[PDB]
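*Asks:* For the record, the sequence lines run as chains B, A, D and C. Residue numbering for the first sequence is 2 to 291, as defined by the deposited numbering. Residue numbering for the second sequence is 2 to 291, as defined by the deposited numbering. Residue numbering for the third sequence is 2 to 291, as defined by the deposited numbering. Residue numbering for the fourth sequence is 2 to 291, as defined by the deposited numbering. I have a structure here, written as structure tokens, and I will follow up with some questions on it.
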Amino acid sequence: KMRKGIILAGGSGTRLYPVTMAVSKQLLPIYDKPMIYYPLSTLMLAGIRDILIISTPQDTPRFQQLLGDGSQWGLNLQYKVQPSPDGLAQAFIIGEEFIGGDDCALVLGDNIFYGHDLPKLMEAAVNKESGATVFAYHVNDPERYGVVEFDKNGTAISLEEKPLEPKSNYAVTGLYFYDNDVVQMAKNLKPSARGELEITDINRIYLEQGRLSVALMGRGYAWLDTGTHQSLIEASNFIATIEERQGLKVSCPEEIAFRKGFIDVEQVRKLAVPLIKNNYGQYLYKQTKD
Amino acid sequence: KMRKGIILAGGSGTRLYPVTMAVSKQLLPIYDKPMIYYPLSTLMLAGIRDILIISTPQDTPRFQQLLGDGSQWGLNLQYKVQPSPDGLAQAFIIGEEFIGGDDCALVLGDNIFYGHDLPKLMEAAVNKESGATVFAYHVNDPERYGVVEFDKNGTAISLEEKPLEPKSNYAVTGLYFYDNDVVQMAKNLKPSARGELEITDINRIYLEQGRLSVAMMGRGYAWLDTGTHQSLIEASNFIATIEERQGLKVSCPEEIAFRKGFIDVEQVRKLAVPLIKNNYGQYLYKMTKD
Amino acid sequence: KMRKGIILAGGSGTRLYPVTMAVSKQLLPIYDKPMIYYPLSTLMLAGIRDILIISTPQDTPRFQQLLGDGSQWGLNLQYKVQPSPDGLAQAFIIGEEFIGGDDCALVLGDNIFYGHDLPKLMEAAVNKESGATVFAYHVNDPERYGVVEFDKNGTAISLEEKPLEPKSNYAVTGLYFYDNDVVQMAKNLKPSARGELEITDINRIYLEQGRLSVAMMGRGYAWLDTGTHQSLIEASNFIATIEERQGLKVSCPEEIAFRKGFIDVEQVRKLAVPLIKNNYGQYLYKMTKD
Amino acid sequence: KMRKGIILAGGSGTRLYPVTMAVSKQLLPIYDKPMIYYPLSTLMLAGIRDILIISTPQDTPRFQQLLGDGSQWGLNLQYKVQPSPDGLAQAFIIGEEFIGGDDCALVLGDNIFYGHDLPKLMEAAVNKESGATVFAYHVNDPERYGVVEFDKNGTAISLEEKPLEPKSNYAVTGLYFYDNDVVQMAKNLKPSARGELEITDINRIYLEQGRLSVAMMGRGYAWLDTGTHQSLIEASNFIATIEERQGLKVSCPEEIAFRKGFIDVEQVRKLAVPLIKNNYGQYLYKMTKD
Ligand SMILES: Cc1cn([C@H]2C[C@H](O)[C@@H](CO)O2)c(=O)[nH]c1=O
Ligand SMILES: Cc1cn([C@H]2C[C@H](O)[C@@H](CO)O2)c(=O)[nH]c1=O
Ligand SMILES: Cc1cn([C@H]2C[C@H](O)[C@@H](CO)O2)c(=O)[nH]c1=O
Ligand SMILES: Cc1cn([C@H]2C[C@H](O)[C@@H](CO)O2)c(=O)[nH]c1=O
Ligand SMILES: Cc1cn([C@H]2C[C@H](O)[C@@H](CO)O2)c(=O)[nH]c1=O
Ligand SMILES: Cc1cn([C@H]2C[C@H](O)[C@@H](CO)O2)c(=O)[nH]c1=O
Ligand SMILES: Cc1cn([C@H]2C[C@H](O)[C@@H](CO)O2)c(=O)[nH]c1=O
Ligand SMILES: Cc1cn([C@H]2C[C@H](O)[C@@H](CO)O2)c(=O)[nH]c1=O
Ligand SMILES: O=P(O)(O)O[C@H]1O[C@H](CO)[C@@H](O)[C@H](O)[C@H]1O
Ligand SMILES: O=P(O)(O)O[C@H]1O[C@H](CO)[C@@H](O)[C@H](O)[C@H]1O
Ligand SMILES: O=P(O)(O)O[C@H]1O[C@H](CO)[C@@H](O)[C@H](O)[C@H]1O
Ligand SMILES: O=P(O)(O)O[C@H]1O[C@H](CO)[C@@H](O)[C@H](O)[C@H]1O
Numbered sequence: 002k003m004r005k006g007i008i009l010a011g012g013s014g015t016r017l018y019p020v021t022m023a024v025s026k027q028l029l030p031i032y033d034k035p036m037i038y039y040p041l042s043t044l045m046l047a048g049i050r051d052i053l054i055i056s057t058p059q060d061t062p063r064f065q066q067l068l069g070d071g072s073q074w075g076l077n078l079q080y081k082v083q084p085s086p087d088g089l090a091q092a093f094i095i096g097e098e099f100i101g102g103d104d105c106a107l108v109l110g111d112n113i114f115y116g117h118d119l120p121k122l123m124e125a126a127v128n129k130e131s132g133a134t135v136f137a138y139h140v141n142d143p144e145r146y147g148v149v150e151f152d153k154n155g156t157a158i159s160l161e162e163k164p165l166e167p168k169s170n171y172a173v174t175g176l177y178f179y180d181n182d183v184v185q186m187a188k189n190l191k192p193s194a195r196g197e198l199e200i201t202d203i204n205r206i207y208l209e210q211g212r213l214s215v216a217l218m219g220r221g222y223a224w225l226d227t228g229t230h231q232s233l234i235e236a237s238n239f240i241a242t243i244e245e246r247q248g249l250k251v252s253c254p255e256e257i258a259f260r261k262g263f264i265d266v267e268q269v270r271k272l273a274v275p276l277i278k279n280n281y282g283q284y285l286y287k288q289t290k291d
Numbered sequence: 002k003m004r005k006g007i008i009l010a011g012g013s014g015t016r017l018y019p020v021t022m023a024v025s026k027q028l029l030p031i032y033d034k035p036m037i038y039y040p041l042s043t044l045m046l047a048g049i050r051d052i053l054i055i056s057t058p059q060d061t062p063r064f065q066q067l068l069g070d071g072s073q074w075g076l077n078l079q080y081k082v083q084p085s086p087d088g089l090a091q092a093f094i095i096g097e098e099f100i101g102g103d104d105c106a107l108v109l110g111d112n113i114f115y116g117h118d119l120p121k122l123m124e125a126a127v128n129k130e131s132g133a134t135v136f137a138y139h140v141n142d143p144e145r146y147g148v149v150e151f152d153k154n155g156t157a158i159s160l161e162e163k164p165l166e167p168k169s170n171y172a173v174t175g176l177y178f179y180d181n182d183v184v185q186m187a188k189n190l191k192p193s194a195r196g197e198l199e200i201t202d203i204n205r206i207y208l209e210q211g212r213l214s215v216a217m218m219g220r221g222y223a224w225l226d227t228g229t230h231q232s233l234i235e236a237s238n239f240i241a242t243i244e245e246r247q248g249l250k251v252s253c254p255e256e257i258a259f260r261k262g263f264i265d266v267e268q269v270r271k272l273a274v275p276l277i278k279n280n281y282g283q284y285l286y287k288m289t290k291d
Numbered sequence: 002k003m004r005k006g007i008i009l010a011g012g013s014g015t016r017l018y019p020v021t022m023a024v025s026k027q028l029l030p031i032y033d034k035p036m037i038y039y040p041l042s043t044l045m046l047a048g049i050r051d052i053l054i055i056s057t058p059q060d061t062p063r064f065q066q067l068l069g070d071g072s073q074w075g076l077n078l079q080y081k082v083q084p085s086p087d088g089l090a091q092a093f094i095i096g097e098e099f100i101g102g103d104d105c106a107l108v109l110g111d112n113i114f115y116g117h118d119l120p121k122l123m124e125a126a127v128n129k130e131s132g133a134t135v136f137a138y139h140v141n142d143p144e145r146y147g148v149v150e151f152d153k154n155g156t157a158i159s160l161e162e163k164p165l166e167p168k169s170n171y172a173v174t175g176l177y178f179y180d181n182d183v184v185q186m187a188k189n190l191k192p193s194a195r196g197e198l199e200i201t202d203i204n205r206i207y208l209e210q211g212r213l214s215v216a217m218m219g220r221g222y223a224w225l226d227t228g229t230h231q232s233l234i235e236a237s238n239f240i241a242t243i244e245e246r247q248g249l250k251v252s253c254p255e256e257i258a259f260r261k262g263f264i265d266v267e268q269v270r271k272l273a274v275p276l277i278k279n280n281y282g283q284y285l286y287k288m289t290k291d
Numbered sequence: 002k003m004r005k006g007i008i009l010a011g012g013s014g015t016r017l018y019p020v021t022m023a024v025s026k027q028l029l030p031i032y033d034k035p036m037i038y039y040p041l042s043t044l045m046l047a048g049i050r051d052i053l054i055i056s057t058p059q060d061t062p063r064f065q066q067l068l069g070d071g072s073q074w075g076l077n078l079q080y081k082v083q084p085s086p087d088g089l090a091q092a093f094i095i096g097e098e099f100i101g102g103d104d105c106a107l108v109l110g111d112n113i114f115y116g117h118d119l120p121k122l123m124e125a126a127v128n129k130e131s132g133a134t135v136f137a138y139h140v141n142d143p144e145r146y147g148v149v150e151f152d153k154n155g156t157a158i159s160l161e162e163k164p165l166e167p168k169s170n171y172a173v174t175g176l177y178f179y180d181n182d183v184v185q186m187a188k189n190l191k192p193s194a195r196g197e198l199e200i201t202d203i204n205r206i207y208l209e210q211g212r213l214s215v216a217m218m219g220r221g222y223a224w225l226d227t228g229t230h231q232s233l234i235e236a237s238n239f240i241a242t243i244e245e246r247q248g249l250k251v252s253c254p255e256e257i258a259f260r261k262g263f264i265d266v267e268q269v270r271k272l273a274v275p276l277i278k279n280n281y282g283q284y285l286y287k288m289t290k291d
């Protein structure tokens, strides 16, 4: 088997109106590049080159307009519409045909992960033969999330979606790794009381079966909040501060494709020339020099 | 009998690539609302209700999709394409029919103005019967702008567009008020040394006629533009700080229309419905009960 | 240096622990200068040059080491210790000797005002023959402040300190102007239920006598929040944004002293040189020529 | 017995005037704690508990007031005054008696590191028998720092302080680990063009001997810049973003002490009780429960 990726970049957008009446949430800038460049880079860093992008009926075509078939970066990008935002777990029903019999990795379109040795963090998950792998990260508002409860020995024992009384402060991040089992699982799921096909219910099945690995994502990593306008600004500020300090970009898909060998120096130069008059294009071009 | 104005919301957007690749720059968020809400609010506060929005062949239809004919705000919006960004003064040539025999203001679609008594400042320019009014604002980088030269007495005696050697730090801001002569002046301009039809050349003609009011916009006002990725985040942080401190919004068009009597309580409530599930609709609703 | 003002710059420093464990809150930076430069500038803009700084037993000498007698800025500064932070009104009991038979302003050492025409905003207050003036500002958390209630016309009818059920969203700011009657009021006050000699109590006394003016400070002004660690950061960012956009400083006492004629070119040049390594001193020197 | 570290928390801070005429640079806040908590935590994370703090004649006492002898957090702190700011390397002369015949680390009082697995990054350096170790970090402005150059095989070949023509973009950060030889090297150093005994001259001696390890700090780590007013604001914002998202502090010495077993729950409770009136004590107290 191989592992195909799915970025779920849909959603009603209501939380951010009227900004998101104008622009899809996942095309909003996080400093110097559209939001979706970040989770796209996460999947690339995991070695995943074949990726299905799912958005809404109005928005999906705008992603396709930005990114194309991903061939310029050594990827294959495909697109599919989620008719209505009826649950994260619908991603697997929509991507049925795409996933075929392979393993997959689903990342939410608004999830931004930063930190040292991220690829090594994911490695085990990526490598996994069977089961599912999720990431737990300590937050101050776990009631917004899927919350994973750990026993006194550091074993996951329960998962609850947006509980009014959280059993802990560990949230389940928006990056998930699964074996080929998830599709049929999702296909057989029933909607929660709130009317959604829940990823948390998928994860609970793997747990219940003993097949769920819950990897801790330490405080040394940043998992940026993009839920509110204010948190968007902070995420932008955070990335700007890193980049302007380093002179390097965070989650620049061209850079990652080049450094991983998806594309070569000649391809980078071909990408950069047309863009040579803007700072983004100069960064690309500098990367081929030294 | 509505007062008229133009929002010039075009341009390539290449400096911000790839943020502007799938998103019109003037639809990008500034904290909690699309960028174009700011200069639109500015014209509204000047008492201008009949507005023409000019953008590129590809982006104009997107503003039209978002704002419509503006009657929901008690305005009249129309739209026109600028084929190529051949100069600010071209607004008046493209807008000739729209302007007819009337006075007309211009504001750039990426300009954000804030400060005490801003409405009184613009009302004064609007009241002017013959001639034009522009605003001079002290900046750090005058060479990016139209620049004003003052005599020993503080009288403006000349203007230069993007001078290699600026004569002062006072830039001409992106808000302008004209009488009906601006159309004929625009149609008579020749391309400048930068190949553009310059509004600075129009302002110079008024100044030489002795009909240009150069209103000093003191350091107590904030005039921001959205020139870099960093400036955009800086503008968003600036507006978030004022709004979260005050509980009041900056450049909320629905709120300005209501306060200026463009629309009534019933209409505000209708506008609030699609937005009612977040802070923005809630703010609109609350303002109809206090 | 005839007109008089008091900056109250003490407090428990509990809320910001441990940042205020060994540093006075009012010596903390707000971007490029110590916090106290802001309210000191405000008094200077009101035309006040004789100023008493009140701080704690441990920090008073630090202020005095920093600012000296004020002669270098054409001011007359003096200092007194507040033994314990027993209340804002205590400023008039400690400052009894300094005030003498005169009118006096009080500004809180952590109060930062910015906006157009501030001196004119203050003018009626400074020039009031008898009574007092305070300024009201709409905030989103009035329960933190002295709250001014307003009748159906525009009349202040009540004041309450930190009300659980605030009667309006108008907070009384930390800038106050009084005739000479305040000293006796203060001396006759008893502490409130919070154990503080309250400035709200003085203000209600004038209000009940019909001698309190409540001037509105509109939404075009910024009255910055320095209450929390987060708000300190927002205050610094807000000032940084203005200053870097304009190439002008907000509340730079040297500049205001020069512009108002308190000190001459040779003196400003003297002051600039020890600061000339960074922008502060280069800004001042360039003020002087030409 | 205890391993040893020096924090150099002196300097004249001319580039931050007038902020640092008021307060020690190393007592400025970075969000919710004084700057010196960050470098102190870094030493603690490396397992270093016997630490000498050096500052100026005026501020040594204020650090003593803030931190005491350190036993409260299971540390041994002592203090020494550096009579004048004559260079980083004088740390070893002033500290000769403290260091004795032991290894020692030096951390600059303005050095802030954040990231995943920081203790492991430091592990080899702390365990080195012979020689020295510094850490290199890619920056956009290498000319401000000590710059380390590498050959095609990643071998460090040269080290220059503020090079006119930088040989790489890798800056040497402000955390250094030395064997006992550093004391004698320091005593033989001659002063810089800037009038300082330079840590880079120490480091060049080790490089010449083939004994300088240059650990590469990856881009997933952040090394916050505290060199300008603007960057100080960025550093604070960066920390606040991490903390408010996580509900956890970065570099809280009490927490580190508790987690490394230098102090035990009863002692954390003892520290917290007198501080429960403020948010920091509330945090300390919470550590000792769920
Ligand atoms: C519920 C739902 C969320 N979303 C997006 C919205 C948020 O960005 C994220 C988590 O709600 O996923 C979808 O793409 N589809 C959905 O069905
Ligand atoms: C290794 C690597 C990481 N990153 C970023 C993304 C994650 O935040 C973290 C990965 O270790 O840093 C890149 O942007 N490019 C890279 O080549
Ligand atoms: C020159 C030019 C600028 N613009 C816009 C782009 C920028 O947003 C702003 C200032 O150049 O004006 C146009 O819309 N048309 C033009 O011809
Ligand atoms: C209560 C009190 C506050 N303060 C100061 C600290 C801040 O500048 C402001 C806090 O309300 O007033 C005092 O100086 N003395 C006091 O008695
Ligand atoms: C004249 C002057 C005004 N101000 C400010 C303070 C307020 O923001 C505004 C007052 O109108 O301008 C300065 O900061 N420095 C000055 O030299
Ligand atoms: C009344 C009002 C003012 N303004 C702005 C215009 C000025 O910048 C400032 C005036 O106090 O507030 C709004 O943005 N919306 C409003 O409803
Ligand atoms: C030059 C010098 C700097 N410092 C401090 C200031 C900075 O925080 C760090 C590097 O400048 O070292 C000293 O404590 N003593 C010194 O002699
Ligand atoms: C273990 C621990 C790590 N950290 C920080 C240091 C690094 O930035 C990251 C872990 O390497 O988190 C703390 O702030 N406190 C702690 O107790
Ligand atoms: O779509 P929701 O209900 O807002 O929330 C969803 O996304 C979050 C982002 O990681 C997860 O923590 C939740 O488990 C998931 O239910
Ligand atoms: O047309 P430009 O050069 O692109 O930019 C424009 O904006 C400025 C205000 O922002 C004016 O002062 C300049 O005439 C104008 O050219
Ligand atoms: O900071 P405090 O002491 O809590 O208090 C205060 O300042 C506010 C302004 O900053 C006022 O409206 C309050 O009346 C005053 O007591
Ligand atoms: O701040 P300074 O004294 O100029 O510089 C000092 O700190 C930098 C790290 O902060 C180092 O790379 C420099 O080599 C060191 O001399």
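From the three backbone atoms N, C-alpha and C, an ideal C-beta is built for every residue, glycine too.
For ligand 6, which residues count as neighbours when the test is a C-beta closer than 7 Å to any heavy atom?
*Replies:* The filter returns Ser-42/A, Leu-46/A, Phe-114/A, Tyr-115/A, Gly-116/A, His-117/A, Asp-118/A, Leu-119/A, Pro-120/A, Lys-250/A, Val-251/A, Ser-252/A, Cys-253/A, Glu-256/A, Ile-257/A, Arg-260/A, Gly-219/D, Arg-220/D, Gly-221/D, in chain order.
*Asks:* For the pair the stretch 147-162 of chain D and the stretch 178-192 of chain D, tell me if three or more CB-CB distances fall below 8 Å.
*Replies:* Output reads no: the stretch 178-192 of chain D does not touch the stretch 147-162 of chain D.
*Asks:* Relative to the C-alpha of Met-288/D, which residue among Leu-249/D, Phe-263/D, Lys-278/D, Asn-279/D is closest?
*Replies:* When each option's Cα is compared against that of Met-288/D, the closest is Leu-249/D.
*Asks:* With 7 Å as the threshold, decide whether the Cβ of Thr-15/C is near any Cβ in chain D.
*Replies:* With 7 Å as the cut-off, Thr-15/C counts as an interface residue toward chain D.
*Asks:* Quick check: is any heavy atom of ligand 12 less than 6 Å from the C-beta of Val-173/C?
*Replies:* The answer is yes for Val-173/C.
*Asks:* Classify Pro-40/C as buried or exposed, calling it buried when 16 or more other Cβ atoms lie within 10 Å of its own Cβ.
*Replies:* Burial call: buried.
*Asks:* Please check if any C-beta of chain B sits within less than 7 Å of the C-beta of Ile-8/A.
*Replies:* Output row for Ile-8/A: interface = no.
*Asks:* Can you give me the start and stop residues for the beta strand (DSSP E) that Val-82/A sits inside?
*Replies:* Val-82/A -> beta strand (DSSP E) spans 77-82.
*Asks:* Please report the distance separating the alpha-carbon of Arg-260/C from that of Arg-50/C.
*Replies:* When rounded, the distance between both Cα atoms is 14 Å.
*Asks:* Would you check whether ligand 8 has a heavy atom nearer than 6 Å to the C-beta of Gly-221/B?
*Replies:* Flag set: Cβ of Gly-221/B near ligand 8.
*Asks:* Counting by C-beta, which residues lie closer than 6 Å to a heavy atom of ligand 4, in chain order?
*Replies:* Here the residues come out as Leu-9/D, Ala-10/D, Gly-11/D, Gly-12/D, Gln-27/D, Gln-83/D, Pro-86/D, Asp-87/D, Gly-88/D, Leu-89/D, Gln-91/D, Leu-109/D, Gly-110/D, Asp-111/D, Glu-197/D.
*Asks:* Rounded to whole angstroms, what is the Cα-Cα separation between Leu-122/C and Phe-114/C?
*Replies:* The straight-line gap from Cα to Cα measures roughly 11 Å.
*Asks:* Along the stretch 206-231 of chain D, what residues have a CB closer than 8 Å to any CB found in chain C?
*Replies:* Listed in sequence order: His-230, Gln-231.
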